[PDB]
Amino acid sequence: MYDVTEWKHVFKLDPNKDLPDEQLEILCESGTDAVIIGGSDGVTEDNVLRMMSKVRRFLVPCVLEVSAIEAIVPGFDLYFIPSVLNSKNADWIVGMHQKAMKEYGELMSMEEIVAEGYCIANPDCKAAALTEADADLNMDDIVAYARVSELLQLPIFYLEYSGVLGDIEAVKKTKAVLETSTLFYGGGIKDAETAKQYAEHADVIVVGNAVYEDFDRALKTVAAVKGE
C-alpha cells in the first residue's frame, strides 16, 4: 500500500548517530513522505532496532534501507534493498543479496521489499570507497546506469552524491530516460533552496546529513518542496 511514485521528500537517518528524541519526533511529523533508516557501514542491529521502535508509532511510513545482513530487523513498513550498479565488486550488486536470501528467505517473503538501483557518483565519499564503485563518471555514464535500471525495471534508481551537490544537469538527463523507475536524488541538500532546485528534476529528494548539521534548516526542505 506504499507507493513511492507518489513521494516527493524523504529524510534518511543514520542509526550510527544520535538525534534528540524531540527532533526525531519533529522529523516524523514534518510532512515528509517517509523516514528511511539508512546505514552504509558499521551499523548495528541494536541501533536499528531502537530506531524502529521509536519511529513505528508515527503514521509516516518507516523504511529500513538494508546495508548489512546483521542489521535486518523486523517491524518496518518497508524494506529498500540497494544494489550498487557501478560497484566493481559483485558483493555490492548481488553477492550480499544472495547470502541474505539464503539465510532469511522466510523473513524476506513476509515484508514489502523494494530494490534500489544505486549509482554512486561522488568518487570521494565513504560509500564509494566501501563499495569499490567506479564513481568518477561522465554524465553519459550516469545516464547509461539509469537506462540499465529502467531495463531491469528496478522501482527505484538512486543517484547518490553523498555529501556534495551533484551536477544538476546529470539529474535532469537521468530523469529524462526513466519511464517507470522513480528517481531518488541525494547529495548536499541542506536547505529550502537546494531542496527546491533538485526537486525540479528528481522524483524524490533525500535529505540526510543536513539533519545532523543544521536541523532547523534541514526541516524546511519539506515545506520547500510540498508547501504552498
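Between two forms, the rigid core is defined as the largest C-alpha subset superposing within 1.5 Å. In this text, residue numbers run from 1 along the sequence as written.
> Hey, after superposing on the core, which one moves around more in 4 other deposited structures of this protein, 81 to 89 or 95 to 103, CA-wise?
Looking at 81 to 89 versus 95 to 103 in 4 other deposited structures of this protein, the farther one turns out to be 95 to 103.
> Would you mind working out which of 63 to 71 and 31 to 39 sits farther from this form in 4 other deposited structures of this protein by RMS C-alpha distance, with the rigid core as the fit?
Between 31 to 39 and 63 to 71, the one lying farther away in 4 other deposited structures of this protein is 31 to 39.
> Should the higher mean CA B-factor in the entry be assigned to 17 to 25 or to 205 to 213?
Looking at the recorded C-alpha B-factors, 17 to 25 comes out higher on average.
> As stated in the PDB record, which stretch has the larger average Cα B-factor, 181 to 189 or 163 to 171?
Result: 163 to 171.
> Among the choices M108, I72, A115, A146, identify the one whose CA B-factor in the record is greatest.
In the PDB entry, the greatest C-alpha B-factor among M108, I72, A115, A146 is found at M108.
> Looking at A100, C125, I81, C119, which has the biggest Cα B factor in the entry?
Across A100, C125, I81, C119, the entry lists the biggest C-alpha B-factor for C125.
> What third of the chain does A129 rank in for C-alpha temperature factor, lowest, middle or highest?
As the PDB entry reports it, the C-alpha B-factor of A129 lands in the highest third of its chain.
> Is the Cα B-factor recorded for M96 in the lowest, middle or highest third of its chain?
CA B-factor rank for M96: middle third.
> In terms of the chain's CA B-factor thirds, is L85 lowest, middle or highest?
Tercile = lowest for this residue's CA B-factor.
> Would the CA B-factor of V4 place it in the lowest, middle or highest third of its chain?
According to the entry, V4 has a C-alpha B-factor in the chain's middle third.
> Split the chain's modelled residues into thirds by Cα B-factor; is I142 in the lowest, middle or highest one?
Answer is middle: the recorded C-alpha B-factor places it there.
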